Each structure stands twice: as C-alpha cells, then as structure tokens.
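Quick heads-up: it's one chain on its own, the form deposited in one PDB entry, in structure tokens.
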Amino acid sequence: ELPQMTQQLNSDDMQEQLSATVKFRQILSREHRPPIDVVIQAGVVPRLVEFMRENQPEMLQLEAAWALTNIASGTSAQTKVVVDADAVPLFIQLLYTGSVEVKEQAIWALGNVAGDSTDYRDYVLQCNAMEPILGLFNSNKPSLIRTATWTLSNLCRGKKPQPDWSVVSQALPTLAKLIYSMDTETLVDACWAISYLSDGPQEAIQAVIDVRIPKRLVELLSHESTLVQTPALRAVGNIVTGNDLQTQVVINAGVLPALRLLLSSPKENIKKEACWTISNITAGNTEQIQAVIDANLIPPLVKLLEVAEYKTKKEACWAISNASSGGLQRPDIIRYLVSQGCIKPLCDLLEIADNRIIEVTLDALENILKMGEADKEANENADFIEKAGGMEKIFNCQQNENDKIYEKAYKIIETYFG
C-alpha cells in the first residue's frame, strides 16, 4: 500500500496529505521492527519534514513529527536520514507553538535524535534547543513535562565527550524544581539528568550544590520506587566523589541514615552503589569517617564484605579500608573496626579479589597493624590476623606478579610478622 501512500502524500490536496501522513504514522508505530527502511526508501522523509513547516495544519504537523519521531527511534543510520533532511531545526521551531500535542511530539523526536549519539546530542544543542526546551517545564500538561524531562536528560548524558557545560548548566534551576514533582516518571528522568550533570569535574559538582539540589536528592533516596532510588543514589554518589567540603554538604543533608536504609535494599545494585557512596565518604577526613561510624554503617558493611556478591564486596571493602585510614589520627576508629569483626572478611578477600581490591585490602590490614603496634608502645591485631588465616594469605601475596602488591605484602610480613 506504499506506492499509493506515497502518491497520496505528494497530493496538492491538503486533507489527503493528512490522510497519507496518518497512514505513514500507523505503520511506523510498531513496537517490534517497524518498516522504517522501506519508508525511507520510498523517499517520503523530506516530504514529511515539509509538513512540519510553520503554518502547516496543526494536525498535519503533529502526524508528520510523529512519523519522523519513530524513524528516528530506529538505528543510527535511520536517525541520520531524519537529521540530514533538516528536521531538527523544525522540531525545535515546533516547540514554540501553542499546541501541547504538537510540542510533546516535537520534544519526543528531539529526545530520539539527542539520544542517538554525542554528535547528534551536541547538534541539537548547537541548534539552540535548550531555551525552548526549558520553557516546556512551565506547561499545564504533566505528559509534556514528563517527555521534556527525558529529552533534557539525553542532552546531559554522555562523557565522551561531555556536553557544553555552559549550555546544559542552564537547566540546573529547572531540575532543582523538577525533583519536587509529584509525578514519578518525571522524578526518575529528572534524577537521571542530575546524575549525568554531576558526573564530571568538581566545578560541575559545585554547581549542583549551589542550586540546593542535594537536600531533596537525599529525600528521594527513601522514595518508594527503586526507579527513583537508583538515579538518585547515583547522583548522590557522584557528588561525594568531590572534595571534603562538597561531601560535607551531602552529609549535612542527612545522607548517612538514608544510606543505612539502602544497604538492606532487595536490589543488589542499590546495595553496591550504597557501599560505593559510603566509601567515598570514609575517604574524607577523620570527622567524616566518625560520622559514618556514628550512623551505625559499619556493621552492615562488614556483613556485606563477608556475604554479598563479589562486585558489592569490592565497594564494601573500599569503605572499610578507607575508614581504616583514620586510624593513624584516631586509633579508636581501628579499635571499633576490629571490634565489629572486620579482620577476617578482609583476610578472606585476599585470595579472590582483583589486584586493585587486593591492594585496597592490604591497605586496610596494614593500618590495623600500625594501630595494633602503636597500641603496645602505649600485637593483638597481628594475632587476630594470624588466627583469621590472614598471615598466610599476605605471605602468599608475595608471589603476586604486580610490583605494589609484592613490596606491600613483603613489608607487612617483615614489619609485623618477623
């Protein structure tokens, strides 16, 4: 029915133009394998682009943008056809119309184009889409805001390369309000967008802090939906990869009790990134390590270090190891860590873990040994390590091919097990 659809689409009559356009939309609207290629091969894409022009019938603009939306929803080669037909400037132009139906269709299409690659993401930005897109969040229609939020997230997504910060940072005040939304779907993509923006340099992290986003993010960690918790925790986790001052902001927002709740999540990936987030907090100063302890975060971490899946165990190891670094300044930190039974789970990790985690682990063990040695000139810990079977593990680590694990395992054996 395609050669007749094509001729009908090229008719000078206006209502059969619409009739054919609708028909093209329906066949392109198939969840699995829409006939995008045969539609493209009909050569109708430029004609559909013409129908989005200013002062075309509103219904015709809607149907054409919808058809082009689904062509752009396909492969990159198929999306390229839409882009090469100069559809993007018209998509953006449609955002300025007064029809919420047309505007949501246009912003949906831009979501597919921007979500294709960093090239098309930046291309959409280059066509100055940010200003009309930000204006969409003042709409009376939840679905329009919902779709615009997803498209906005795609404009912030990607680190290779990152989007122009001077452009995407303009969306920060909007996103700051959007995480106070009642719509769950809006909440999800808004948090994803923030996680992308906060996935970068400390200058980017600071900007997120400056618009007072962290406080509401922490609240969203206890949201009923894991679809909200996941990007929220990711965003929070990204922020605490910054310096101690930036991390303290998240702490003051009450992230530590929230992280305690996430450590018992049924979803493993939430438990892992909870461990990851905590680890980048125990990577801070003595007072921040102490705050983690005071939030009763160590006992579930120890158990996860003992029992959880491997890639969760790694992050739990990071957290306890980073916390042990505060033992030189405050020996009670180590004394508490040992008291909570962290020595054996650390020791058992030496035979299974990767060379980076092995080093993480050896770092933790030596810190425990240093404190135990000092707590005599004022080795129980070395005795606990031997009985945990750890003295043997560390000795075996002297046959490790990597330089820094060898000499570290060597010095541990030489200093505390001579």
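Sequential numbering from 1, following the sequence displayed. Between two forms, the rigid core is defined as the largest C-alpha subset superposing within 1.5 Å.
Chemist: For the step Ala378 to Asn379, what size class fits the number of deposited residues with no coordinates, none, 1 to 3, 4 to 9, or 10 or more?
Modeler: In the record, 4 to 9 residues between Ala378 and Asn379 lack coordinates.
Chemist: Hey, which bit's got the bigger mean C-alpha B factor in the entry, 32-40 or 347-355?
Modeler: The entry gives the higher C-alpha B-factor average to 347-355.
Chemist: Check the entry's C-alpha temperature factors for 211-219 and 304-312, then say which stretch has the higher mean.
Modeler: Comparing 211-219 with 304-312, the higher mean C-alpha B-factor belongs to 304-312.
Chemist: Identify, among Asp244, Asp116, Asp332, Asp199, the residue whose C-alpha carries the highest B-factor in the deposited PDB entry.
Modeler: Each of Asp244, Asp116, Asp332, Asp199 was compared by C-alpha B-factor; the highest is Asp332.
Chemist: Checking the entry, which one of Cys156, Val292, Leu328, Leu95 has the top C-alpha B factor?
Modeler: Highest C-alpha B-factor among the listed options: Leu328.
Chemist: Looking at the entry's B-factor column for C-alpha atoms only, identify whether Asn55 ranks in the lowest, middle or highest third of its chain.
Modeler: Highest third.
Chemist: Tell me, lowest, middle or highest third: where does the Cα B factor of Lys267 rank within its chain?
Modeler: Highest third.
Chemist: Using the B-factor values recorded in the entry, state whether the Cα atom of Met182 falls in the lowest, middle or highest third among the modelled residues of its chain.
Modeler: Top third by C-alpha B-factor.
Chemist: Sorting the chain's modelled residues by C-alpha B-factor, tell me whether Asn252 ends up in the lowest, middle or highest third.
Modeler: It belongs to the middle third of the chain when residues are ordered by C-alpha B-factor.
Chemist: Sort the modelled residues of this chain by their C-alpha B factor and say whether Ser169 lands in the lowest, middle or highest third.
Modeler: Within its chain, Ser169 is a lowest-third residue by C-alpha B-factor, going by the deposited values.
Keep in mind that the form deposited in another entry is missing from the display, and what follows is about it.
Chemist: Superpose on the rigid core, then tell me if the C-alpha of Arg356 is displaced by 2 angstroms or more between the shown form and the other one.
Modeler: Superposed on the core, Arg356 moves its C-alpha less than 2 Å between the shown form and the other one.
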